[PDB]
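Remarks on the structure that follows.
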Amino acid sequence: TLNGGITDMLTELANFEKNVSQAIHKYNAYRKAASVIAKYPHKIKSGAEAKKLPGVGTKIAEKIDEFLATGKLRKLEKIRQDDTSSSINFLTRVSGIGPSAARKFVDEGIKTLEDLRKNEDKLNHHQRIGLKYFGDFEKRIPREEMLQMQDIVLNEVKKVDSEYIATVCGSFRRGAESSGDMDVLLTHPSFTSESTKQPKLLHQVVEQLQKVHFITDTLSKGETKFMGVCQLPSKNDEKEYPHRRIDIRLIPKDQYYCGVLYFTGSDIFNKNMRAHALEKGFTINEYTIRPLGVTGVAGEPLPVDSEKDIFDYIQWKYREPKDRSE
DNA sequence: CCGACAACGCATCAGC
DNA sequence: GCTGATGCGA
DNA sequence: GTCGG
Ligand SMILES: O=c1ccn([C@H]2C[C@H](O)[C@@H](COP(=O)(O)NP(=O)(O)OP(=O)(O)O)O2)c(=O)[nH]1
Ligand SMILES: [Mg+2]
Ligand SMILES: [Mg+2]
Ligand code: NA
Ligand code: NA
């Protein structure tokens, strides 16, 4: 929070570019700068000092001076006043509503929580669920609750098949005291990059978690990726816990490290690390790390036996999970 | 100056 | 139906 | 919006 004011400003600007402008690259540039400034161990006194950090350019340097002198940014001040932008930005907060459907809804005259509620029939499944838990999905999840959720997931998964290995990644694995959701990496010896000796692997787990009323709704569900909702059980007279987002990713067991690396993030850390690999001549995904031969075609998967092995290939000192929160 | 910007699963749709 | 582009996720 | 060749 040393430079919380500037990073918030950049984040707002980033959200503006992505939601209203539908300018994905500007969005990422602003996020990158906010991230780099956020890890800067000094209270920024000027734009110049900031323009020294990679990702902070001249344009952002100027905004930082304006922000420092007045404590605000006219560009954002105006944006906040534009009803259209204010509308689009609000709708994009509903899980399942992106920058495109948000603009489309505004056109259709649907621009408020009430509107959304009176036109539920005009939303797809995901959006319907997003609206249902609009408030809840805006709440953070205390690590304490994350531990309680981890317990149920791991115990339930063990009950389905003792050979299942469920690992909670995301911000939780990075050690955050609070998470936006629960991310679970799943593996089973029957599913390898070599073969799928058992079907319904993911389904079975989803099934078991629903039977115990942990998973309550499903945003999307395929063979290896589940996106849904869950809620911890409450005691007698106790108010119910809020509904929470839960992502489950089944990955080939022999590809666990590339998978766990990816699912631990952060998303920006993955961006930077993947960008670096490419500069080093490699391509990294949640499955493997392959070399890049001149032509521009990925090669065969290099052998990996740990997350560190991945770091070594790209000549990066190992960074524990707690230090990947960019 | 100007190409590149990380990578990919699932839902949805248009065209054949 | 299939496939491939697009939205969304974050 | 920023960067590197
Ligand atoms: O754009 C993305 C988003 C996520 N990810 C990876 C890293 C991230 O940590 C992980 C889980 O996704 P979440 O959206 O749950 N992010 P995270 O758990 O880090 O933060 P939060 O506490 O918001 O959930 O998936 C990417 O690689 N790219
Ligand atoms: Mg998460
Ligand atoms: Mg998640
Ligand atoms: Na800079
Ligand atoms: Na949204």
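The chains referred to below are lettered A, B, ... by the order of the sequence lines, with proteins before strands, and numbering in each begins at 1.
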Sugar-phosphate only, base, or nothing, as touched by [X] at under 4.0 Å among non-hydrogen atoms:
{"X": "A/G180", "answer": "nothing"}
{"X": "A/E286", "answer": "sugar-phosphate"}
{"X": "A/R245", "answer": "sugar-phosphate"}
{"X": "A/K32", "answer": "nothing"}
{"X": "A/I24", "answer": "nothing"}
{"X": "A/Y30", "answer": "sugar-phosphate"}
{"X": "A/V94", "answer": "sugar-phosphate"}
{"X": "A/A33", "answer": "nothing"}

Between A/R249 and A/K271, the residue closer to the 5' end of DNA chain B by nearest nucleotide is A/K271
Heavy-atom nearest nucleotide on DNA chain B taken for A/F226 and for A/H25; more 5' hit belongs to A/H25
Any idea which of [options] is nearest the [X] side chain?
{"X": "A/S100", "options": "B/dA11, D/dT2, C/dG7", "answer": "C/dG7"}
{"X": "A/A275", "options": "B/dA6, C/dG9, B/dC8", "answer": "B/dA6"}
{"X": "A/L278", "options": "B/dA11, B/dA7, C/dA10", "answer": "B/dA7"}
{"X": "A/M227", "options": "C/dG9, D/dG1, B/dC10", "answer": "C/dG9"}

- prompt: Is A/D82 salt-bridged to A/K78, going by a charged N under 4.0 Å from an acidic O?
  reply: no
| query | If you measure from the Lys or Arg side-chain nitrogens to the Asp or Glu carboxylate oxygens, is any gap between A/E108 and A/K104 under 4.0 Å? | reply | yes
Gap between atoms [atom1] and [atom2], on [X] and [N] respectively (whole Å):
{"X": "A/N272", "N": "B/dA6", "atom1": "CG", "atom2": "P", "answer": "9 Å"}
{"X": "A/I251", "N": "B/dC10", "atom1": "CD1", "atom2": "P", "answer": "11 Å"}
{"X": "A/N19", "N": "C/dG7", "atom1": "CG", "atom2": "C1'", "answer": "13 Å"}
{"X": "A/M273", "N": "B/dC5", "atom1": "CE", "atom2": "P", "answer": "18 Å"}
{"X": "A/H125", "N": "B/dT12", "atom1": "NE2", "atom2": "P", "answer": "9 Å"}
{"X": "A/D183", "N": "C/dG9", "atom1": "CG", "atom2": "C1'", "answer": "11 Å"}
{"X": "A/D267", "N": "B/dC5", "atom1": "CG", "atom2": "P", "answer": "18 Å"}
{"X": "A/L53", "N": "D/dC3", "atom1": "CG", "atom2": "P", "answer": "10 Å"}

Phosphate-side-chain proximity, [X] and [N], N/O vs OP1/OP2 below 4.0 Å:
{"X": "A/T58", "N": "D/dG1", "result": "no"}
{"X": "A/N124", "N": "B/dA11", "result": "no"}
{"X": "A/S220", "N": "B/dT12", "result": "no"}
{"X": "A/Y287", "N": "B/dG9", "result": "yes"}

Report task. Check the geometry between A/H126 and C/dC8 and answer yes if their rings are stacked (centres below 5.5 Å, planes below 30°), otherwise no. Result -> no
Under a 5.0 Å cut-off between side-chain heavy atoms and groove-defining base atoms, A/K26 reaches the major
Notebook entry, point to check: Quantified in whole Å, what is the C1' atom distance between nucleotide D/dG1 and nucleotide B/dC8?
Noted result: 25 Å
